[PDB]
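Single-structure report; data block below.
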Amino acid sequence: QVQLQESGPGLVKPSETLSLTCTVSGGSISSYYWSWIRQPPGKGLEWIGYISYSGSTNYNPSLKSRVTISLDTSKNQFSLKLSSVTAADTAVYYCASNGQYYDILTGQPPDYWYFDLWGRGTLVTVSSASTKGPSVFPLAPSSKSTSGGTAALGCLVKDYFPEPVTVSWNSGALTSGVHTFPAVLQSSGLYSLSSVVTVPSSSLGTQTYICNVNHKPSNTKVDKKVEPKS
Amino acid sequence: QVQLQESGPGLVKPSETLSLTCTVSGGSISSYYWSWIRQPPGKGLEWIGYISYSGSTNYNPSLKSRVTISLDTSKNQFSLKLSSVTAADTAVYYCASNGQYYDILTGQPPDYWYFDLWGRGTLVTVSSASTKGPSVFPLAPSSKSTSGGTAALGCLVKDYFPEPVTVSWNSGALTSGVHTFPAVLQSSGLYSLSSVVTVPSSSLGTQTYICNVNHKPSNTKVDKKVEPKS
Amino acid sequence: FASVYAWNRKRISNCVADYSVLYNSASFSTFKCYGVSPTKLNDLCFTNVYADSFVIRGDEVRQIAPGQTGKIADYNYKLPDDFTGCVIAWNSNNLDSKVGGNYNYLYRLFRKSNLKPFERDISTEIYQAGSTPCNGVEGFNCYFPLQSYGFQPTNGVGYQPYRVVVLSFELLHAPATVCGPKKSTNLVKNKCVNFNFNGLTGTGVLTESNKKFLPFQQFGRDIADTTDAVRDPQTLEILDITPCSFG
Amino acid sequence: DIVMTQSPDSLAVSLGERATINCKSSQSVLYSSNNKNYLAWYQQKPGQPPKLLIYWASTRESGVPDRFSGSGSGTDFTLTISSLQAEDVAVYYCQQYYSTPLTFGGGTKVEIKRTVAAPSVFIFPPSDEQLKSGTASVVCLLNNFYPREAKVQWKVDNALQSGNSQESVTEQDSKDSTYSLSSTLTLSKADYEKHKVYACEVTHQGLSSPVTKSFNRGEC
Amino acid sequence: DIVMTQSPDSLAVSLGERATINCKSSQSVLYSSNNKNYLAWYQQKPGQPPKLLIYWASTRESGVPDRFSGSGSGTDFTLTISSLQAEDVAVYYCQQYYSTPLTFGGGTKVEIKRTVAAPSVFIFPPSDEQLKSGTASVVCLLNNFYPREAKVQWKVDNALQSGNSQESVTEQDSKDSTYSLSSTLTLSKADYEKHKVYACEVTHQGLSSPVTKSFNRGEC
Ligand SMILES: *[C@@H]1O[C@H](CO)[C@@H](O[C@@H]2O[C@H](CO)[C@@H](O)[C@H](O)[C@H]2NC(C)=O)[C@H](O)[C@H]1NC(C)=O
């Protein structure tokens with residue numbers, strides 16, 4: 001079985017073009033129908049179109065003459081171009097296919113598209129308000145957060161416009177109690193979020209609790225330690 | 001498709017000649033390469049030589065100047081002569097060919113010998129200890145052979161030198177449980193075997209169980225009934 | 001190379017064709033000549049030579065011949081029944097078959113009627129081996145007409161890609177054209193030795209001259225019209241062709 | 001062209017119960033020929049690509065547990081689970097495939113329940129680094145909790161604060177089926193320095209009376 | 001001139017498994033020209049002439065099931081089956097054909113297995129007709145049984161008998177994959193009439209302790 005991955009241009013200024021490439025990389029491929037599907041954040045799925053290895057395009061009649069799926073059989077890559085982007089193209093875009101052996105000598109064409117293999121998705125937004133980096137503060141463990149056996153501490157990462165941002169705890173070590181809350185969109189137009197984790201109150205400062213903030217559209221990487229209040 | 005059959009001289013005294021004829025008998029023949037192949041009992045196959053309809057002989061260089069394949073296109077028969085037989089010519093001999101249309105205008109010669117049609121084989125042995133006939137006894141079904149729902153009975157056919165011998169049950173009727181064991185070669189030089197079949201213990205004497213012994217090199221044919229012990 | 005459903009078509013023209021470098025190259029797995037046996041190609045002249053090029057499977061090379069049937073000869077590339085040229089084919093597994101499959105070479109396998117000889121069809125209309133309109137989209141009983149060889153390097157022979165070139169010599173009704181080659185020997189002056197000077201066949205002693213032709217004249221003639229001088233094509237010097245010695 | 005309609009859009013089906021979903025059609029399927037109607041069923045957890053569960057209308061494949069079971073044929077389809085599980089909270093879609101315009105469903109929220117798990121509450125004052133920048137975020141955290149219908153009332157010097165806060169809530173936890181909530185109060189440095197007590201009062205069904213966590217600006 | 005070498009000479013591959021065979025060469029094949037390397041594959045059941053399976057190196061013909069599959073090219077060749085079957089116990093050969101001396105392989109024994117099938121045992125005394133002739137054969141039969149590694153101990157009046165018996169065994173049964181064994185004890189009439197109890201003690205993995213079937217000479 002192969003696996004698929006994408007590579008878009010993060011953001012996009014309005015009425016630009018959209019560039020996404022989905023590179024097949026696995027063992028022996030057996031697919032014949034490479035499709036992109038679309039998903040607005042917290043809304044329903046939507047199928048964009050496919051391309052076949054016979055070069056037989058097919059598109060959804062709600063994005064016609066805005067989509068063009070190409071196919072480069074010298075890199076094992078295919079790609080999708082959305083020209084004239086609009087504000088309603090805020091979505092995560094997947095590339096998906098069907099890992100099934102292909103014989104027209106036994107079988108009709110609409111037998112090979114139920115989307116077995118799946119990509120990983122890449123967020124996008126017809127924005128343009130340029131980009132920015134996050135500002136980080138540590139929210140210290142305190143007795144007002146402490147209760148009995150446990151106490152909570154976290155990291156507040158705020159004011160950034162590149163939606164995909166990640167905060168880990170101790171380079172990915174702590175998975176207990178670590179909970180990153182959904183980012184919030186302020187009136188200023190920038191996002192903000194806070195990730196918090198609980199840890200035994202006997203262990204306020206004892207061990208390492210460093211939040212690793214990484215901003216992938218930019219190249220921001222900062223580690224912040226959280227310690228009890230002075 | 002045609003079918004092929006052989007006719008040798010059963011046994012053979014040492015340093016004699018060997019006579020085998022393989023008669024083609026079917027529909028429209030399409031072959032052009034008639035080959036004999038050889039097989040020692042429980043050993044590997046070995047190709048002897050062929051003859052073509054152009055009279056183009058060809059032999060294996062391990063039996064050279066001992067083999068001569070002839071061809072009689074007035075009976076549709078071809079034949080093989082092994083002169084000066086030895087003890088290491090104990091084998092079953094097949095005649096085989098290729099049922100494929102023949103054009104040198106499209107195709108090289110070594111394209112037509114992968115042995116599609118096949119004969120039936122005839123056992124042989126550079127023996128000489130004259131011949132003989134089998135002695136038959138019925139091995140009765142007994143409680144020492146009986147266990148629960150079934151009990152076994154059989155026929156012991158012993159002391160014969162002509163290897164190919166057959167024992168059937170009820171003129172070929174019973175095929176369930178009938179198992180003829182490989183003949184054994186005694187120090188006396190004669191073979192022996194025993195064929196046994198199981199049958200429900202409710203049916204010890206009830207139905208017919210007669211072993212039909214036929215010795216083809218000789219002309220022995222005897223039917224022996226097996227009944228429970230007195 | 002070029003696909004099998006849109007083969008190429010090069011029209012070789014006036015030149016000097018040496019089919020010997022082809023015939024003896026020993027790199028070709030198949031070299032069949034139909035109108036004319038191969039060794040006599042470098043001794044004939046035609047009006048036009050066409051060369052068609054494409055890529056097929058290994059065991060589909062037997063349908064490139066006059067009077068065959070199959071998905072290739074039916075509707076991809078059809079050879080007339082009185083073909084004249086030659087068909088050449090060689091294995092190309094290392095060039096066209098990559099790791100995972102090429103899927104770059106297509107081949108039509110759904111047509112309405114078999115091709116006329118040397119006819120070509122690059123359309124891409126949706127078939128319909130069913131009984132209902134299609135409007136122009138896949139579905140049941142009506143499918144896309146092009147399939148793709150997925151070539152892989154670990155394919156048994158007879159599934160590896162072969163490249164094919166079909167030379168077709170034609171003779172319309174012109175005045176002449178291409179043709180075989182013509183080697184050039186030496187020149188022994190002074191000795192009644194048979195000779196051929198690009199067409200002039202004769203016998204006699206050849207001798208260094210001291211006449212001067214005009215720079216477009218090949219040979220000189222006497223009164224009573226007998227060839228008595230020639231010009232050597234390679235070195236361009238005049239030589240007197242005196243008849244042999246007799247009496 | 002052809003649309004499916006997933007009717008039960010929210011399910012509060014707890015452990016050991018029945019979990020059913022309807023999805024009709026706008027045309028007919030089964031391809032009036034041999035067999036094999038054309039549906040599929042997709043499970044989507046948050047932050048994942050969807051995985052498929054069902055090939056044709058009922059049949060499944062290696063990888064999904066056998067507790068997910070498909071039913072229905074013709075134009076009425078229903079998928080059945082195994083009394084739910086520990087991590088089944090997902091969004092479900094029924095993709096069709098009949099000719100070209102491959103359409104998906106509308107979604108489903110197979111939830112569960114809990115009982116009476118009150119939140120751990122915690123209030124965080126703004127970090128000294130941020131007060132340099134000139135703004136004060138005051139975070140209040142509500143940890144683990146079944147009923148998400150929690151209320152977060154900010155108070156500044158006992159004045160209920162309206163219109164300068166934002167909340168977000170996590171997906172129902174796959175282990176203990178709880179929620180967690182973070183409310184952020186945003187002030188200027190100037191306005192922050194004008195008041196003393198910052199309080200966060202949480203109301204919730206597992207609390208007999210509301211819990212207030214509070215600090216006093218400028219008290220180590 | 002040119003020899004093939006079949007390496008795996010015995011296979012105990014049961015039902016639903018992988019069944020592979022190697023056969024190399026001593027020269028090269030494929031005929032450096034168009035195509036089409038030159039092998040064939042033959043199945044031989046006992047007491048039959050061989051049947052062919054594969055034309056060139058992989059391609060098959062009408063009559064063989066499509067579960068027998070050929071692979072390999074150049075000088076390394078391998079044939080693949082379909083997880084075996086009920087009647088696949090045979091001996092297999094890879095005949096070549098390159099110029100004149102058509103050579104065959106060495107053989108292969110695609111077996112299978114069973115489990116724990118104990119034999120039915122049965123002892124047969126000599127027939128009255130044979131005792132007239134002056135010799136006594138005492139047959140002991142072991143019916144159906146997986147592990148062929150069975151032991152047959154004859155005892156005469158409780159004396160273990162060595163060197164007057166012969167066994168033979170059948171080919172693994174195409175239906176139930178068992179073996180059957182016949183041991184014959186040969187005595188003179190004179191020596192037969194010198195003892196009383198004739199016993200046949202069979203040892204086998206499906207028996208917790210050995211089974212003895214016995215009779216008493218001269219007791220109807
Ligand atoms: C054929 O080729 C030869 C050379 O391969 C040409 O010959 C030369 O003639 C000039 C006289 O102007 C000499 O100076 C050169 O040394 C010659 N070269 C050789 C290699 O001998 C010749 O002209 C060509 N034929 C024609 C018709 O042009």
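Counting starts with 1 at the first residue shown.
Using N, Cα and C of the backbone, Cβ positions are placed for all residues, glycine too.
Here Swiss-Prot flags C:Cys33-C:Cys86, C:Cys45-C:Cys179, C:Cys134-C:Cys142, C:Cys192-C:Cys244 as disulfide bond, drawing on experimental evidence. According to Swiss-Prot, the feature region 'Receptor-binding motif' maps to C:91-162, an assignment based on similarity to another entry. Sequence annotations record features per position, and here Swiss-Prot assigns region 'Immunodominant HLA epitope recognized by the CD8+' to C:102-110. For C:109-144, C:173-195, the entry in Swiss-Prot reads region 'Disordered'.
Set side by side, the disulfide-bonded residues C:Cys134, C:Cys244 differ in how many other CB atoms lie within 10 angstroms of their CB, and the most is found at C:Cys134. Nearest Cα neighbour of C:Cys244 (disulfide bond) among the listed disulfide-bonded residues (C:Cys86, C:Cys134, C:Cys142, C:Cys179): C:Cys179. Other Cβ atoms within 10 Å of the Cβ of C:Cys33 (disulfide bond), summed over all protein chains shown, number 20. Rounded to the nearest whole angstrom, the C-alpha distance between C:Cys45 (disulfide bond) and C:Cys33 (disulfide bond) is 16. Of all the disulfide-bonded residues in the record (C:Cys134, C:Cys142, C:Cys179, C:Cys192), the one with the smallest CA separation from C:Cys33 (disulfide bond) is C:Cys179. Of C:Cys86, C:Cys134, C:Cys142, C:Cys192, all annotated as disulfide-bonded residues, the residue with the shortest Cα distance to C:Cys179 (disulfide bond) is C:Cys86. Proximity of C:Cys192 (disulfide bond) to non-local residues of its own chain (separation of 6 or more, Cβ distance below 8 Å) is seen for C:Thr203, C:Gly204, C:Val205, C:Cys244, C:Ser245, given in sequence order.
Across the fold, the C-alpha of C:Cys86 (disulfide bond) and the C-alpha of C:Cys142 (disulfide bond) stand 38 Å from each other. Just so you know, the Cβ of C:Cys142 (disulfide bond) picks up 21 other Cβ atoms within 10 Å once every protein chain is counted.
When the neighbouring Cβ atoms lying within 10 Å are counted for each of the disulfide-bonded residues (C:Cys45, C:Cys86, C:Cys179), the highest count belongs to C:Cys86. According to DSSP, C:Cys244 (disulfide bond) sits in a coil region rather than a helix or strand.
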